[PDB]
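A.B. asks: Okay, handing you the structure first.
2 protein chains.
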Amino acid sequence: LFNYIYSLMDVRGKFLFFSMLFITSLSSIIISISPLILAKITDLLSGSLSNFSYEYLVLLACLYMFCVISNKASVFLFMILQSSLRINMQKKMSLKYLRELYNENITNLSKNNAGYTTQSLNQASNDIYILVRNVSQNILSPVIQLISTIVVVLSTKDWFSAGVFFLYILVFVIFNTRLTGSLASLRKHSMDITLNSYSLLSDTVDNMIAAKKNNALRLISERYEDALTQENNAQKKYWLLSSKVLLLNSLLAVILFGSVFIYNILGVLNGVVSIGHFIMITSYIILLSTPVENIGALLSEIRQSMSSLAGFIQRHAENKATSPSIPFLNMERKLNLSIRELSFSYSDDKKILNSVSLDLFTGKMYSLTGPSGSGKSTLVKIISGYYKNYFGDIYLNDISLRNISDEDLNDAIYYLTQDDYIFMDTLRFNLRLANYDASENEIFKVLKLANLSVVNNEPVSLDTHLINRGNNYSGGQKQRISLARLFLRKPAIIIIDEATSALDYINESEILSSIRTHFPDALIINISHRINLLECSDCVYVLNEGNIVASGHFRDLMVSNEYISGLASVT
Amino acid sequence: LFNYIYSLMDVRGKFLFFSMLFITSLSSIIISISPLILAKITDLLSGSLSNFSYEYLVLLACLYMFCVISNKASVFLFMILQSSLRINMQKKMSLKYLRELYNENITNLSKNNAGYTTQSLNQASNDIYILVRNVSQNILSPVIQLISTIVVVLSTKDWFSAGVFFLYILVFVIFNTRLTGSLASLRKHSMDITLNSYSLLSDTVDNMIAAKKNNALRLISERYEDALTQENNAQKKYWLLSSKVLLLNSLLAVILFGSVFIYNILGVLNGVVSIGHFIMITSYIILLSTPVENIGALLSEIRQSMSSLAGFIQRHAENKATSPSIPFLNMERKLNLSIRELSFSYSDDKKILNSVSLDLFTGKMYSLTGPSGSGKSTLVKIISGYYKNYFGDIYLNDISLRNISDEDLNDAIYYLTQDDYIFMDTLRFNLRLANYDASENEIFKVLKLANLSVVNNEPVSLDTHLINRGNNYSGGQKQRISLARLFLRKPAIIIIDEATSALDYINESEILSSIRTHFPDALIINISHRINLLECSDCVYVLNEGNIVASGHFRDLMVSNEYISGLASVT
């Protein structure tokens, strides 16, 4: 946990922290002499008061002031160094999640929305900054100011004060650490529900168009008001208990340090305690409020932030990629396919796939028809690397798919959906998304073969913008955007699913053969009921509610079974 | 601006602020007596020192301590009252944007993503809280502590100190207010680029699936690193200048208050100034650092937060809805249609619509065919209430569409798209989105007519969840979800666009006639090239690249023009 925080510090990052560590711990020394200086200032007024006993008052006045100026200017140096550190430990932090999300599975990206992660990352940098505000300052600065006090009073031989001052620190730690336990899980849940409070704003602001079109303003507001009060009442539970802990600790200061002020004020009127000794003991308590309270700031803030930070390490940083079965993917390409007894359970309630023992061999065109999405559209999604809640193993040239990590898996297995994923930027962006190694020459080359170079009988520029959810291009052009990424990249096993729903023959002839042209040694798989696409194939499969039922050519399936016979009569 | 901040305070909200105002302004009084108490403590040590001149030292010691305890415990009461206020001024703030977004146009929702608003609202509650931290505390608390100082020193007749103490406050305001001007627009831009820094994370985390599938990890990281440094360097420009302003103001304290400490320390060694008078003047400067610095906190924090808060009022709170042309919508329904010379300019570069003078009359079925999306799909979107960058007026029973506000406009004009807008919750949620007045009885009633009640020959429960971007249901079922909202609501002018792209005759016969059944007096408009849907119509229109070209029946258009003749030959 600690290493991940210190990892954010680069060259300048590690240089400003040690600067922060010294400067703050230096101010503690100069401020510890401060009560002792005024004691000898006060004592001096009852002295002989000759030539040098009026110049000493002047001297020590500056000596006390300098100590204040030094510790004063030290905090401004502390909040300038940290403000410089705030920038440096944000740059190398923003990507330390971006890249963590990339390598993590879709099963943890489908259940997380845009606004969720906007706050999930917001609380991480919020807690680490607070953890630095405690690791640097509150670790040494109070400790140095507190130890001086214990011995100084023990040295001047005021044993009671030397006891009670130690007893407050003795009690204060036990009281806080025991209570922090729940306060931590309460700030945890408070931030966890605060997380969920904006997990709904994400779904709100995105689909507000429909809400405006259906006018359920109240539902939008009321559903949001429900989570809002779920947060407030969970924040009440924490604030209440946190505030109640204060009145306890602050009462103790009046209990212990109040009685010490009483103790010495009694002994001073007699003659057991001098004016200065009394003045020093009261001024010590006066300057004992600063370390005592900042010791508390350490104990709590560190623990509650560490628990709310722990809910960021045990989910994204492994055990998804341990750098294990990175092998292999053949370099001459061609990897075939072999599935043996595939079974899925989404919500456990039913069996998606029952028994699937199939073997496919690369370099030829295959097809998947029958009862629509009964387990044919999903079968290839588990293969492509969406879910790992399946049974058996999917072998691809001596290697099962459950073994290969998602970084090497997507290099050979490229899958085309109906639901295309387009960004909110230039044409170049989405095209260079398939490859950063492909520059302007091959980019415009893939465009003429992706049937989107010349749109409305006029060539499209590469700086042409695109609006969110594919709001810039039509139903047919949204699918052809998903097609440009295919020719720009180079896979070994290609899968196609009902992406020929928003396309016609004048453009379906120039696309279905170009895949065979560019990728001939590859394993092309298509999932579209069209008879003209089911005929070009070397092998056709029928998938009824999960289990495999038929296989072979189109001319044998339209004679043997009656679905392919009742699909070939609708031409 | 100020009224919108005070509006957040309800009954308990307005009660805790006045509690905050008194308690903080009360601590300023007790702390102003503090330097004067120690002055008479110090002076007393050079006195006659009889019976009552050792009991007075004891008395004033408590009197000084109580003053510290009072001001000390006052800050904990201040940060407990504000922590209570933080909850109360968040509940009535979260919706004070949710509802502001609802009434605002799509043209300001298409250009704003989920993560943008997650931070656009985050900085609003961040600046108001800071503004309360200045309006309550820093308005009175320093002012009371500062005025006492001016007269006390003027009363004790130390005219120089009474001058220089006033001169620092005289200079400090002019220095800060002149420099704040740019610092405000720099924190503005800093927060504006910080806004834009996460405007890309929204597009990143949402479409990470494609990035993982196309492996452009570097591009994702590098594009994010580009905005990250665009932020850091814009944050550098602010921090640098802000930090440079400190070393100036803090030098002035050593320039002015340093020389006053020198002034009196010179006059004390002589006999012009007594021990106590000197001790009080030094202790005043000592306790003058607290109001002076907190006066600065007011001057700046208020101005920079007010400018970064101003960029939240002049965009959402009007001039979209002034409560003007709320009239009318006929109660017996039937409102007809009348467009006169419609023209659009998206990027100005071209003319989307050239000349459109058309009149439609309610109670009958209409159609729009021809060259796909050439201005036929967009024509109805400007009508439905998407854009106001058009020419002319669209009259609907003596009222032009440019006049009716979007709240009354969506009640009669309901439009069905291909791109459906589904949420991330239960079946009930999306269904009750069309109406909150419709309970369980009519909800299940619309389901059997929306062809989604009995899915896979098994009835679907109303607590059935749905995954983001329609990831739970298929291409055909995503369109039929958009259809249930139609029968659940009651419009006067219905528009349909290529939503019959992912549907077949066994379900297209049970839907196309049910709209005529449920809404007969309504103006049904369809935009689908299908000949069977173009025949049922009372009037068909042809739309070529913006301008109107043909109108009339299907049997006259398939004889007169050659497109409808070359569309009716493909059956």
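Quick note, the sequences are listed as chains A and A', same order. A prime marks a further copy of an entry chain. Position one of the first sequence corresponds to residue 9 (the entry's author numbering), numbered consecutively onward. Position one of the second sequence corresponds to residue 9 (the entry's author numbering), numbered consecutively onward. Virtual Cβ for every residue (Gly too), placed ideally from N, Cα, C.
Is the beta carbon of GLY554(A) sitting closer than 7 Å to the one on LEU361(A)?
C.D. replies: Yes, the Cβ-Cβ distance between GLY554(A) and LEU361(A) is below 7 Å.
A.B. asks: Give every residue of the same chain whose Cβ lies closer than 6 Å to the Cβ of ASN411(A'), excluding the five residues on either side of it in the sequence, and list them in chain order.
C.D. replies: Same-chain partners within the cutoff: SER333.
A.B. asks: Can you pull the chain A' residues whose beta carbon is under 9 Å from the beta carbon of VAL550(A), in chain order?
C.D. replies: Result: empty, since nearest Cβ-Cβ is about 18 Å, beyond 9 Å.
A.B. asks: Any beta carbon from chain A within less than 7 Å of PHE168(A')'s own beta carbon?
C.D. replies: Closer than 7 Å: no.
A.B. asks: Are there three or more Cβ pairs, one per stretch, closer than 8 Å when the segment 250-270 of chain A is compared with the segment 132-140 of chain A?
C.D. replies: As far as the Cβ criterion goes, the segment 250-270 of chain A does not touch the segment 132-140 of chain A, which means the pair count is below three.
A.B. asks: Which residue comes first and which comes last in the beta strand (DSSP E) that contains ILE502(A')?
C.D. replies: 501-505 is the span of the beta strand (DSSP E), which, as asked, contains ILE502(A').
A.B. asks: Run through the DSSP bridge pairs and tell me what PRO467(A) is partnered with.
C.D. replies: Partner(s): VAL462(A).
A.B. asks: Using a C-beta cutoff of 7 Å, does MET216(A') count as contacting chain A?
C.D. replies: At least one chain A Cβ lies under 7 Å of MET216(A').
A.B. asks: CB-CB under 7 Å to residue 8(A'), same chain, minus the five flanking residues each way: which ones, in chain order?
C.D. replies: For residue 8(A') there is no data in the structure shown, the boundaries of chain A' being 9 and 579.
A.B. asks: Would DSSP call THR425(A') helix, strand or coil?
C.D. replies: In this structure, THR425(A') counts as coil in the three-state DSSP scheme.
A.B. asks: Just to confirm my understanding: we take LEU154(A), look at its own chain, exclude 5 residues before and 5 after, and list those with CB closer than 7 Å. What are they?
C.D. replies: Excluding positions up to five away in sequence, the list reads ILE177, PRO299.
A.B. asks: Note down the Cα distance separating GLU309(A') from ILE201(A'), rounded to an integer number of angstroms.
C.D. replies: If I take the Cα positions, the gap works out to 19 Å.
A.B. asks: Using beta-carbon positions only, say whether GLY393(A) and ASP419(A) come within less than 7 Å of one another.
C.D. replies: Not in contact: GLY393(A) and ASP419(A) (Cβ atoms no closer than 7 Å).
A.B. asks: Mind listing which residues of the segment 252-283 of chain A' have their C-beta closer than 8 Å to chain A's C-betas, in chain order?
C.D. replies: So the close ones are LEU254, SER258, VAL262, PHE269, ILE273, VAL276, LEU277, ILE283.
A.B. asks: For the beta strand (DSSP E) that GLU340(A) lies in, which residues bound it at each end?
C.D. replies: That residue, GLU340(A), is in no beta strand (DSSP E); it is neither H nor E in DSSP.
A.B. asks: Return the CA-CA distance between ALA500(A) and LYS221(A'), expressed in angstroms with no decimal places.
C.D. replies: Rounded to the nearest angstrom, the two C-alpha atoms are 14 Å apart.
A.B. asks: Run down chain A in chain order and give the residues with a C-beta less than 8 Å from the C-beta of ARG226(A').
C.D. replies: The contacting residues are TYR444.
A.B. asks: Could you tell me whether the segment 211-230 of chain A' touches the segment 103-115 of chain A, where touching means 3 or more Cβ pairs closer than 8 Å?
C.D. replies: Yes, since at least three Cβ pairs between the segment 211-230 of chain A' and the segment 103-115 of chain A fall closer than 8 Å, the two stretches touch.
A.B. asks: Assign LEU496(A) to buried or exposed, taking buried as 16 or more other Cβ atoms, counted over all protein chains shown, within 10 Å of its Cβ.
C.D. replies: So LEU496(A) ends up on the buried side.
A.B. asks: Nearest to residue 4(A') by alpha carbon, out of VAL454(A'), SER351(A'), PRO335(A')?
C.D. replies: Here chain A' covers residues 9 to 579 and nothing more, so residue 4(A') does not appear.
A.B. asks: When the Cβ atoms of the segment 553-570 of chain A' are set against those of the segment 362-382 of chain A', are three or more pairs found closer than 8 Å?
C.D. replies: With a cut-off of 8 Å, the segment 362-382 of chain A' and the segment 553-570 of chain A' count as touching, because enough Cβ pairs lie within range.
A.B. asks: Any C-beta of chain A within less than 8 Å: which residues of the segment 413-436 of chain A' qualify?
C.D. replies: The residues in question are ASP414, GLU415, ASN418, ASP419, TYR422, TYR423, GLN426, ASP427, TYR429, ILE430, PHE431, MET432, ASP433.
A.B. asks: Starting from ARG493(A'), find everything on chain A with Cβ-Cβ shorter than 9 Å and list it in chain order.
C.D. replies: In chain order: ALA218, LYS221, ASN222.
A.B. asks: Anything in chain B within Cβ reach of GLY21(A'), meaning under 7 Å, just list it in chain order.
C.D. replies: Within the model displayed, chain B is absent; protein chains A and A' are what it includes.
A.B. asks: Can a CB atom of chain A be found closer than 7 Å to the CB of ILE451(A')?
C.D. replies: Output row for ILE451(A'): interface = no.
A.B. asks: I need the boundaries of the alpha helix (DSSP H) containing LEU85(A), first residue and last residue.
C.D. replies: Where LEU85(A) is concerned, the enclosing alpha helix (DSSP H) stretches over 64-111.
A.B. asks: Using a threshold of 7 Å, state whether the C-beta atoms of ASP211(A) and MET432(A') are closer than that.
C.D. replies: Yes, the pair counts as a contact, with Cβ atoms nearer than the cut-off.
A.B. asks: So, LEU68(A) versus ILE49(A), is the Cβ gap smaller than 7 Å?
C.D. replies: Their beta carbons are under 7 Å apart, which means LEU68(A) touches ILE49(A) by this criterion.
A.B. asks: Could you tell me whether the segment 507-527 of chain A touches the segment 484-491 of chain A, using the rule of 3 or more Cβ pairs below 8 Å?
C.D. replies: Enough Cβ pairs lie closer than 8 Å, so yes.
A.B. asks: Measure from the alpha carbon of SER128(A') to the alpha carbon of each residue in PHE84(A'), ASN459(A'), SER205(A'), then state which is nearest.
C.D. replies: Ranking the options by Cα distance to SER128(A'), first place goes to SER205(A').
A.B. asks: Alpha carbon to alpha carbon, what distance is there between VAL276(A) and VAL76(A')?
C.D. replies: Approximately 21 Å between the Cα atoms of the pair.
A.B. asks: Beta-carbon separation of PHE320(A') and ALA132(A') under 7 Å?
C.D. replies: Yes; because the gap between Cβ atoms is below 7 Å, this pair is in contact.
A.B. asks: Okay, do the segment 463-482 of chain A' and the segment 421-438 of chain A' touch, 3+ Cβ pairs below 8 Å being the bar?
C.D. replies: The segment 463-482 of chain A' vs the segment 421-438 of chain A': in contact.
A.B. asks: Taking Cβ-Cβ distances shorter than 8 Å, what residues in chain A' pair up with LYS80(A)?
C.D. replies: Here the neighbours are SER297.
A.B. asks: Of all the CB atoms in chain A, is at least one closer than 7 Å to the CB of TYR571(A')?
C.D. replies: It does not; no Cβ of chain A falls within 7 Å.
A.B. asks: Ignore the nearest five residues each way along the sequence and tell me which others in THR32(A')'s own chain have a CB closer than 6 Å to its CB.
C.D. replies: The residues are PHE86, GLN145, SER149.
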